[PDB]
Every structure is written in structure tokens, then in C-alpha cells.
Amino acid sequence: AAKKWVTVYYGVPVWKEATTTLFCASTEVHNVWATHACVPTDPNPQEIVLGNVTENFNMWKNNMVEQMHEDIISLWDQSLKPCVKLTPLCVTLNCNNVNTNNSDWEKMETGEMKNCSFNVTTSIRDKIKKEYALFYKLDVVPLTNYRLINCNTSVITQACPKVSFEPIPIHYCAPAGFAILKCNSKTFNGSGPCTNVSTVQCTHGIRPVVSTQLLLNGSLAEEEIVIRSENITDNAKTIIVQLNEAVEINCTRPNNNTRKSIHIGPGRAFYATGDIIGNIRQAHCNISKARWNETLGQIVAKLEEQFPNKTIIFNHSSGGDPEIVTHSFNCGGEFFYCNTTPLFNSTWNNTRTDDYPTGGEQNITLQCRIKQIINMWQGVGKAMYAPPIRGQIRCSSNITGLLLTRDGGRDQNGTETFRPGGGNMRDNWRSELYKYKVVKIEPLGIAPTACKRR
Amino acid sequence: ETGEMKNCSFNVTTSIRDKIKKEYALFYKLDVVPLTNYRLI
Amino acid sequence: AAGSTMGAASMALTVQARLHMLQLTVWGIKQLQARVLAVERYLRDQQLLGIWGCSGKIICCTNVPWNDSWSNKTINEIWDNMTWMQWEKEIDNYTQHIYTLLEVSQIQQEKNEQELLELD
Amino acid sequence: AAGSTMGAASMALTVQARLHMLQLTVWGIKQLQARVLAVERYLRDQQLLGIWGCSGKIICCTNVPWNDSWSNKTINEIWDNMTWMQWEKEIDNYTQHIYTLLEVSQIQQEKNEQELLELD
Amino acid sequence: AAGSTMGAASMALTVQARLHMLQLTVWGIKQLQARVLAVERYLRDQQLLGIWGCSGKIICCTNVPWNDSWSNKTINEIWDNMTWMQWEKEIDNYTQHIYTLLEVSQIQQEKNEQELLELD
């Protein structure tokens, strides 16, 4: 009764998966992660809910994670570029110990904080002065003569002492013509089909937190703990456990550490640790025992379903360099490395935690060490020297999740062993961006009609 | 070859600024000039 | 119901319509690329609509018949009872054929015939 | 007198219509930003006119009534006896209301009704 | 034959219609400039056509007479029996005169007269 004609519709609601460049959106502290170059966010970032649609998400193949990884590295670097390189400090250090014997149990130092003297060229090139500084054991190596760790083979750059590293939430925004889809399903688990899909121009803000073993200040699970993995059976993959409740962790570096300024060139000032006023103590972190016990009881129930009948064993890290085999976080520029042996202390039957005897202990303590020479991403980017920050440093954070790996999974005794392992920092960011996918919009479409043009 | 590929020793500051080591390398004649003392061209 | 007929799931809507110094910083370079790209994508669609004579249209009507080799389903099988994403997949292989037909003769002849008619 | 009626001071005219390697130098970066920005501003206006069906117009006529809550003055009180800058201030709070009305139904319905009429 | 009449050598056709991270590298900067420039050139032509009311046209018809001082040759001497490049050279000195006439009155008056006619 009619012929069909080709008509063009513009504003057609279709899309295809695509990877593009995202931009960021968000006091004179020069925050490195959230610079003044960020655009402001939309006060009313209205979310659009899709109808009966399905989409396939895969957090393990998500290019947003990879793009973030590169952005964090580029922001770390660059920010540290216009600063003192400390090459002149790579000289023989003549070191000795300090007297820590000034009842501070769980807080005592034992043979660390070495007193080193050195010969450094002053701001005037033909004049050499003897200078003194205290170093953390983990920052020096013996040749007693010492050298700064990692001087050979790398350049350690001092952060400019005005710049903050505090994480500030960063929102990722698609360019116009693109959109970010998110999976809101309670059943999503980081992979496969999702039926509750909505879209935004920008993601929620993500704090660019860097840590090892424990994920800090990320999002909590909406209701129940979710265990995510690319593969449960493959022991080589990281298992990300997202908590539905936070666990408080409180860390203290209880020393009156007063810094010293040393001129090692023409406007190049090195900030030394100076000395300690009062009784020197090691750093430590506390968590609530009751919270840890509840958290682990719920985690074992969940791991037990994945690995039924078998004994759940938690263990400490496998051993190695205390840069990557310990817990790590940053509070105000002080880099903490902490012993988590007490957190992954034991094993148990059923889903009943055990071997944490009832007693007056309320606070589980983790002994910590401080390093000034650090290597984020190991071989990627440059070594950095953290200035001391004047003493009495306290901070606290929200444990939002754990990174676990399986210890081979070759135990023939009906057990499974989990350790606070993990890989590259990509794992941390993957755990937060897991719900997002980037697509491109193709608004021009074609359909048959019954109209005809004059 | 006829009188090229010189064996040169030199005193170079090592990765540690207060330590100097003697090192050896061979150079093409066209890469060095005399001042027997030589310098890189 | 033109935007409601082609599946209930037409809710992507038009997020693309919703959408300081140029410092070349780590975030700044990315911001520049985002702006340049948004312009390029906008213009690619606008230019194509311009070519077909659909520059000012939301829905434009043409003089090119449906052909039916692309899809032999009828209006109530394609227009109704279908979601736009499914539809674009169903005729994806004819995209260039159709675009070519939308320009060739359809705009080119239509305009040359008008040039002749306007001489009277 | 369309450009003369709305105040004697209509003399801003169209300076905006009047308007080598890309080296990223101190002046060069600023030159790049200026070019990118000029494009973005042009397109924001052109896109909005396109949405309303006013893409090829200097002055476009619409099917949306004045409402009169925005301003209850008459043609010879608003159009005449007034300067454009004063006028834009007088109805500044209705900018989004009016823009919404210029698109919603006015372009959307007009085009869907035409789609139906063109089926005959 | 509109594209064939103005010389056999009309074969430049429309190569201009045929036409990853923004890293600021030696080749990358040049790639950026190429994209920005392509946009600027496109818009300069599109804006001018928009001004004349020829935004959706391949060939647009106007209400401005030929004048004949620019060239006093006839249709079969100019339109036919001539190549476009020769022609653009022949009337090159009248480019601004003609462009001015294509806008002034031709679009401006035409639209103001329509504004008055549309009040009825």
C-alpha cells in the first residue's frame, strides 16, 4: 500500500565500545594529583538511567584502569621535576648509631637512625663542609662506611617542600560525544553481563590512593562483601576483597623530629632529618581487634564458598624487599612501611575465626618503619626523597579492602592459603573503576519510513 | 688495520662522587685527537 | 513516539548534547585533546547531514527507496518491535551503500534539477 | 530597522564576524588557545540555532507564544524604546525557560507532525 | 552537467571531503595543527555559505544580478567554453564586491522583508 523510503534520524540512542582520552575534574598546596588544571565538576551531574538494556563489563580488560595508571605516574613525575636532584649527597657517609636508651613497649627503636657525617660541596664550588644527618636504616647501605641506598644506578629527587601528596578525589570525564556506562547490579562481581545500567558524563571521584596489601579510603560495597577475581581457580591472579564496612586504622609517628636545611648548591637546599627532641620512638599502627575479627569472619565465609570444606589459612607475606612485601601508605609526606604479620596471623575451621585469644587487648599493633628514599612503581619514574615534616605525625584511614593472592594452591592437606600479596598498583585502581566502561555515541542512524521528499 | 684502534685508559668519576676508577676503552683514530695524551674529538 | 517506538531502551537520550589558560600540563594536555575531539566529532556528523540536505533536521525525509535487500522486514517489524541498537546492527553492512545513495543523485540531482526549474 | 529599533547603541555590530608552524612557545600556546576557543564559541551558537530550526536565519520566526510572565511590556515598549543590552538584562532569568520552549515541542513536535504529513 | 560544463578538467573533485593520545612530540604537534587547521578551513567556508543563506546548498540561487562590469561575457562564454580555474582568475578582483553583495540586502533585506510578511 506504500513504498518504504530511507530516512535519517539524528539523536539515535546507540553506542559502541571505544577507548578515548579522558579528562579530569575536581588551597595553595600544589596538590600533585589534583592540580589547579582540573576543571570543576558539575554541581548537578545528572545520571541517566537506561531502559531494558544489557551490557558486558570486564574490570580486568578495562582501559580506564590502564589510562589511570599512566596518569598517576605522569602526575607523580613532572610534579617532582623542578626540584633538587641530590646528586652531591652520593658520597661516603661516615656513620654510627644513636642512643635510643633515653618502657615504651611496642615503640622502641633497635639499632636504626644512624648518625652520618658527610663531606658535601657547599653552594660555593671550591668550599667543602662537613654536615650531619640522621638516616633510617632502610635508606642506607654499608660498603663503617655507608652510601645512600639506590644512589648507584638512579637519581633520587627531593620533593619540593611545599607540595602536598594528600589524595584528593579525581573525577574522570568523557569528552563530549562519549559517555561512561556504569553497572549498578548487585550481582555484577566485576565481570560479564549487567542489566542495571546507567550513564554519566563523569565518574564519581576517586581518591588516587597508593598503598600495598590494604586498600585505603576507597568505596565500600553497597551491602555485602564482594570477592572479585579474573579467575578464582588461578592462584596467580589477585583476589580483591571489597568490604561493606570500613575498619579503622590509626597510625602514629610520635617523635619531635626537627629538620635541618643544608645548602649543596646555588639555591639547592637539602632537607635533612636534623635531630630528635625528646625520647625517640618507632612508628606504629593500631586497628580495632573486634572489627578485624568480624571482618575476617565474614571474609572466610566468602572464601570458604569459593574453596569449600578446606581449611582457611591466612599467612604473612612470602618475604622479600620491605618496599613491596609490607603494608604501605603515606601520611603528609612520611612514607610508612608496616609489618602485617599480626593481621594475617592464623588459620581456622568452618567459618569460625580462631586463635585470637580473648583478653584485655583491644588494639592490634603493627610495627612500622619510615623510609625517606622511595620507589613508587619500582623501575618506573624516578626515586624520590621525602623531606621530614617536623614531628608528631598522626593520621587515620579507612580499610576498605584487601588484596589477596593464593600461595601456590598445591597444599595436599585440604587447606588453602592466602597472603597479603598483589601485583602492580593497577590492582588498586582496578578495584575502584571496576564498574565503568567507556563507549562512543553514534547519534546518526538509518531506518525505513513511509514518507517521501517533495 | 694500520695504527688505529687506540687503547686508552682514563680516570673517570664513578657513580659515587668521591670515588675515581681507571677504565679502558678502544677508540677509532677518527674519534680522538692528540694534545701520548689524547682527548675525545 | 518517534523516539519511543524503536525500543523502550531509547534512554541514552542526548548526553552528547549536554556535552582559564591552556597550560600544557599532565591534565591540561588531556583537556585540550578532549575539546578538540568534541569539535571534530560534532562536525563529522553535521557535515554528513549537510551533504544529504538534512542539516536542519532531526528527522529528514529523502527520495531514496528502501531497496529491501538490506532488510526485507516491514515497518511494523523494523520501526516497531525493535530497539535502535539491534537495528543498527541488522543493517550495519549497508552503511556505506546507503550513505552513498543518500548523497548521490538524492542531493546532487535534486539540486541540479532545481537549478533548471529555477531558470523559469 | 530591525538592527536600529533596539536602541541607537546597536553599534557593536559584528566584530565577531570580522574575527606558519604551531610552535609551542610562550606566545604560540596562547595563539593556539585563541583559535580553539574561537571555534568552540562559534559552534555553541550555531548548534543552538540548529536545534531550534534557526540554523540559516538571521531572524527566525517560531510557534512559541511570548507567555508575558517574563515581561508584560508590549512591542512598542520592548522592541522599540529600548536598548538590546537593557532587554537582555530584563529577561535574563527566563533564558533557560525560553530556550527550553524554543526546542521542546517547537522543533520536536513540528518535525514529528511533518513526518506524519509527509506520509501522504 | 553542472560539474562538467566548467572545463573538462573538473577532476580535482572533492578530495577535501575525503579529508590515540595527544602526545606533544615532533610528529604529534604537527598532527595537532593539521586537525585544528582542517576544522578552521571547513568552518570558514561553511560560515560564509551560512551568511548568504546557502548553508544547505551545493548550488545556491540568489537575487543579486550579475552586474556585467566584472565580466561582460555571456553564459555560453563563461559557463560553457571555460575551465573553473580560468574563471576564478577572470573575476578575482571582484571577490569582495560580490561577497559583499551576496550578503548585503540579499540576505539582510530578504530576511527583514520576510519578518514583515510573516506578521500577517
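Note that the chains are named A, B, C, D and E in the order they appear, and that numbering of residues resets to 1 at the start of each chain.
Basically, a residue touches a chain if its C-beta (ideal position, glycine included) is under 8 Å from a C-beta of that chain, and two chains touch if they have at least 3 such contacts.
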Most central chain, Cα average position: A
Hey, what angle do you get rotating subunit C onto subunit E on C-alpha, to the nearest 5 degrees? 120
Mind checking the centre-to-centre distance between subunit B and subunit C? Centres are C-alpha means, answer in whole Å. 69
From the mean C-alpha coordinate of subunit B to that of subunit D, what's the distance rounded to whole Å? 74
How far is the middle of subunit A from the middle of subunit E, if each middle is the mean of its Cα atoms, in Å? 57
As a quick test, compute the distance in whole Å between the mean CA positions of subunit A and subunit D. 49
Multi-chain contacts only, two chains or more: what residues does subunit D have there? 24, 32, 36, 39, 43, 55-56, 115, 118
By the touch rule stated above, which residues of subunit B touch at least two different other chains? none
Note: in the complex, subunit A contacts subunit D through residues 2, 449-453
Residues of subunit A defined as touching subunit B within the complex: 87-88, 90-92, 119, 147, 151-153
Subunit E - residues contacting subunit D, complex: 24, 29-30, 32-33, 36, 39-40, 43, 47, 50-51, 53, 55-56, 107-108, 111-112, 114-115, 118
In their shared complex, subunit A is touched by residues of subunit C numbered 2-3, 6-20, 23, 25-28, 30-31, 33-35, 37-38, 41-42, 45, 48-49, 52, 54, 57-68, 71, 74-75, 78-79, 84-85, 87-88, 91, 95, 98, 101-102, 110
Considering only the defined contacts, which subunit A positions touch subunit C in the complex? 3-15, 20-24, 35, 37-39, 48-53, 71, 74-75, 78, 173, 175-179, 199, 201, 441-453
